[PDB]
Each structure stands twice: as C-alpha cells, then as structure tokens.
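# Per-entry structural report
Now for the letters of each chain:
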Protein chains: 2
Amino acid sequence: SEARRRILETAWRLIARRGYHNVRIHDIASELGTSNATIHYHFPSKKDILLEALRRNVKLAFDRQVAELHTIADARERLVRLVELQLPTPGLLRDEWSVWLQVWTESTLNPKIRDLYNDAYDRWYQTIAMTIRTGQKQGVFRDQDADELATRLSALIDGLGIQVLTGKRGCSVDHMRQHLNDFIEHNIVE
Amino acid sequence: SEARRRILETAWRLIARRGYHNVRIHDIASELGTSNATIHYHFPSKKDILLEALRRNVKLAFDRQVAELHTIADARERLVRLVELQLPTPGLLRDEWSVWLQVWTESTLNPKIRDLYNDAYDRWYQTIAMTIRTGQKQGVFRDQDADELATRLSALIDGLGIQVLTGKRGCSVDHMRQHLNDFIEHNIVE
C-alpha cells in the first residue's frame, strides 16, 4: 500500500498541474524513479488513474470537512467555514479544483466518471443543505427552501472558482470569499 | 476560405463531442475525407485548432446576442432572453458549453487560451452588466451594484450549467431556466 499510495498521490498531483491528458504513464514513472510496468501493476489503465484521482478528491474534501465542521456549534460560523474550506487557495485546494475542472469535462463523456462525480457532488450538496437546515432550526437562517438555497450556493461556488482559476481580471480568492460571505449574509442569514 | 471554414466547424464539433485531447488530426481529416497534410495547411498546430475553436465560440455567442437582444426595449425581457440564449439546450448550445468547459481547464495551463477566454468573458460580463444598468435606469431593476450583480449572475449561470452538463440528478435545462428566472425576479427586479 506504501507504493500504491505514492503512485496515486503523484499521479493526482501531475493531473492537477499538467492535465490528465498531458500526463503520460512515463511521466508518473519518471517522477517516482520507477518503471512504467510498475505504474500499470497498480493502475491497469490510464482511466483508472483519473478515477482514483477523483476518489482522492472526494476523500480530501470529506476528511477536511469532518475534521473542521463537526465541532462548530453555530450554523452561521459553520457555513462560513464550509465555504472557506472550498476556496481555491494556493497549494492543495487549487490542485483539487484543477482536478474537479477536469472531472467536469470528462463527465460530459464518461459514464463512470459522471456517476462518481454525481455521488460526491450530492454528498457536497447535502452537507450544505444540512447546515442550512441546522441554521434554520436554530432560528439564525431565513426559512427558504434549503435545497434551492443549497443549489444556488453550490452553483455560485463553482462559478466563482472558475473565475479565480482562470484569472478573471480582478478575481482573487479573497474577492471570491467576500462575494460568498455577502451572499450568505444577505440571502441566508436572518 | 470554403475549406478553412469547414475544417474549423468540423474540428469544433469533434472537440465538443469527443474532447480536444481525444481528437486527432487524423479524425478531423477522416471526417472530411481529406489528408492530415491539408488540415495542417490551415492549422499548423493542434493548439491552433483549440484556439480557433474558442474563437468560434466567441463568434457564436456574440452574433446570437446581437441578433436577439438589440430589439428588446424592455430590460427585464432583455435580461431573461439573454439568459435563455445561454442555456445548454441540446445541439449547438450544449456543444458550445462543452467547448467552454474544456477552455476553462486549458486556461488553468495555457496563457493564450487564458487571455482569450478572459477577453470573451469580459465581453459576456459587460453585456450582462449593461443590461442590468439599462433596467436600473428604466427603474425596473433594483439599485444594487451592477458589477456585483453581474458577477453573481454570470457565476450562477456557469455553476448551474456544469450541473446540467454533468447530469446532476434532477437538473435539466428547464430547472436551470427556472432557477435563473427566480434569481432575476427575486434579486434583480424591483
């Protein structure tokens, strides 16, 4: 598992930085100083690498979310932190977003990627919805449809993130953060 | 120009349906019954094809927008139609969205794609902003910052579109349309 884990982490990183289609098995092998045969021993097709790259993305976001949110008692504080955790900050999070971008494209083509992207997205979506429901029960959020609110907030997160990743003039992680906090403050908080 | 136009249209379509990286020069050549040499005569590198694919996308959206919006006197009616024109309906528009998705990914890597995507996006963004300003002057829209409103609406459009393209369970062009009209009615209309 030691070697498998390293191969996965390396491939994920290369995907994130160079792009799935520009990454060769040889590039993965070279990066770790191993043979192509060995990369195949663990991942029989290149597609299996993209699949596991998505699986890692799912794992990263959920582990992070568990660790940082369960303890927040206040729903407003919890929702703001949930959003912060999704900002495409330099390093890992920007890398996760590059992989999600690539998954969105592949999903318009490949059923398995699509199914899996849809599994994660619903898990992501339900966390937002539940947090919104928790705040409404707590009386700190307005009583609008939580699923509609969750659809709008997840869509906005995705749209703003694209603008950050692609460099829209004036668009930074910090302007994204400010826009999303404004949305929460003015459209969700009571 | 006859042949160049056909090569471009064909490549754009293949990109849209199969994905840029899965499209070979040979696939373009085969589709038109021509040689690979001839495809290169018009597009010396595969990257030039993706560039022209983006250029076409820009051209498609602006021609469409000009033709359908200049005549709408009412800003609300105009804004709703602007949105309708961006829905990923089956056929051309879905194809345009597949190309935009691919551009977003490539833009996180390639400066020229990025610059050009940023040119178009700002042109797209300004049309929305101006329409919002036109409605505010007309007194039919609320007086909030038009750029903030335009950033939020363009981001939402992008986020919802991804959900339609990737098949989020329950998410159709028609649910996108309804969500965006709700946003306009409740957050922009006075």
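Under the fitted operation, chain A is carried onto chain B by 0.0 Å of movement along the axis and a turn of 180 degrees, and the coordinates agree to an RMSD of 0.0 Å. Taken together, the turn and the small shift mark the pair as related by a two-fold rotation axis. Mapped onto chain B, 100% of the interface residues of chain A are again interface residues, and the two copies thus contact each other with one and the same surface.

Here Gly170 of chain A shows up in the loop between α8 (146–166) and α9 (173–188). Considering only alpha carbons, one finds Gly170 of chain A and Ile113 of chain A, 57 residues apart in sequence, at a separation of 33 Å.

Let us now look at the layout of surface pockets. Approximately 680 Å³ is the volume found for the largest pocket. Lining the largest pocket are 32 residues, and of these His179 and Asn187 of chain A together with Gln144, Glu148 and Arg152 of chain B sit closest to its centre. Mapped by element, the contributors of at least two residues to the lining of the largest pocket are α8 and α9 of chain A together with α8 (146–166) and α9 (173–188) of chain B. Per-element tally for the lining of the largest pocket: the top contributor is α9 of chain A, with 7 residues. Split by residue class, the lining of the largest pocket holds 8 nonpolar, 13 polar and 11 charged. In this model, the second largest pocket occupies a volume close to 270 Å³. Across the lining of the second largest pocket, the residue classes break down as 4 nonpolar, 7 polar and 4 charged.

Considering all chains together, one arrives at 20 salt bridges over all chains under this definition. Between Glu9 of chain A and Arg56 of chain A there is a salt bridge, with the nearest N and O atoms lying 4.0 Å from each other. In this pair, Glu9 of chain A sits in helix α1 (residues 2–18) while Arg56 of chain A sits in helix α4 (residues 46–69), placing the two residues 47 residues apart along the sequence. Its salt-bridge partner being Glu52 of chain B, residue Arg55 of chain B comes within 2.8 Å of it at the nearest N-O pair. On the criterion of helical spacing, the pair formed by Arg55 of chain B and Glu52 of chain B is a turn pair, its members being 3 residues apart in helix α4 (residues 46–69). Residue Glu52 of chain B is classed as buried on the basis of its relative accessible area of 17%.

What follows deals with the packing of helix α5 (residues 75–86) of chain B against α9 of chain B. All names here are of chain B. Running from N to C, α5 and α9 point in directions that differ by 150 degrees, and their axes come no closer than 10 Å. As far as their axial angle goes, α9 and α5 are roughly antiparallel. Of the two elements, α5 crosses α9, and the hand of that crossing is right-handed. Along the contact surface, α5 presents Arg76, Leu79, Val80, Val83 and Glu84, while α9 presents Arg177, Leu180, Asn181, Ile184, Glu185 and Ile188.

What follows deals with the nonpolar core. One recurring pattern in soluble globular proteins: nonpolar side chains tend to sit buried together. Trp104, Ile157 and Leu180 of chain A together with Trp104, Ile157 and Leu180 of chain B are the most contacted members of the largest nonpolar core, which has 126 residues in total. Apart from residues no more than four positions distant in its own chain, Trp104 of chain B is found in contact with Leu101, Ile162 and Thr166 of chain A together with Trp97, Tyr117, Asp158 and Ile162 of chain B.

To continue, consider the packing of α4 of chain B against helix α7 (residues 111–137) of chain B. Residue and element names in this part refer to chain B. At their nearest, the axes of α4 and α7 sit 10 Å apart, and the two run at 5 degrees to each other. With respect to α7, the element α4 is oriented roughly parallel. Here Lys47, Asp48, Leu50, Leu51, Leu54, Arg55, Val58, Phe62 and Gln65 of α4 lie close against α7, whose contacting residues are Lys112, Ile113, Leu116, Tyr117, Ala120, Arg123, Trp124 and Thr127. Considered class by class, the residues forming the contact of α4 with α7 number 10 nonpolar, 2 polar and 5 charged.

Another aspect to go through is the packing of aromatic side chains. Residues and elements named next belong to chain A. One pass over the full model with this rule turns up 6 aromatic pairs over all chains. Centre to centre, the rings of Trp100 and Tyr117 are 5.7 Å apart; their planes meet at 65 degrees, and the pair counts as edge-to-face. You can see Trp100 sitting in helix α6 (residues 92–107) and its partner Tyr117 sitting in helix α7 (residues 111–137), a full 17 residues away along the chain. When sorted by exposure, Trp100 lands in the same class as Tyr117, which is buried. An aromatic cluster is defined as three or more aromatic residues linked by ring pairs; in this entry it consists of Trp100, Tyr117, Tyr121 and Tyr125.

According to UniProt, the feature "DNA-binding region" (unreviewed entry) maps to residues 24–43 of chain A in the numbering used here. Each end of residues 24–43 of chain A is marked by a C-alpha atom, and these two atoms are 13 Å apart; helix forms 75% of the span and strand 0%.

One turn of an α-helix holds 3.6 residues; hence residues three or four places apart share an orientation. Across its 27 residues, α7 of chain A extends 38 Å between first and last C-alpha, which sits within 8% of the 39 Å expected from 1.5 Å per residue. With its phi angle positive at about 80 degrees, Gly139 of chain A sits one or two positions after the end of α7 of chain A.

What counts as what
- Residues numbered from 1 in each chain as written, not as in the entry; some residues may be left out.
- Chains lettered and ligands numbered in written order.
- Heavy atoms only, no water.
- Least-squares fit on C-alpha atoms.
- Contact = heavy atoms within 4.5 Å.
- Helix = DSSP H or I, 4+ residues; strand = E, 2+ residues; numbered from the N terminus.
- 1 Å grid on protein atoms, 1.4 Å probe; cavity = no way out; pocket = protein on both sides within 12 Å on 5 of 7 lines; lining within 4 Å.
- Points joined across faces, edges and corners; volume = space filled by probe spheres on them.
- Nonpolar A, V, L, I, M, F, W, Y, C, P; charged D, E, K, R; others polar.
- Salt bridge = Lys/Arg side-chain N within 4 Å of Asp/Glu carboxyl O.
- Buried < 20%, exposed > 50% of the residue type's maximum accessible area, 1.4 Å probe, protein only.
- Axes fitted to C-alpha atoms, helices over the stretch in contact; angles between N-to-C directions.
- Parallel < 35°, antiparallel > 145°, perpendicular 65-115°, else oblique.
- Left-handed = near helix turned anticlockwise from the far one by under 90°.
- Core = buried A, V, L, I, M, F, W, Y, C linked by side-chain atoms within 4.5 Å.
- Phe/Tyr/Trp six-rings, centres within 6.5 Å; stacked < 30°, edge-to-face > 60°.
- UniProt positions renumbered as here; feature names shortened; annotations may be inferred.
- Expected span 1.5 Å × (residues − 1).

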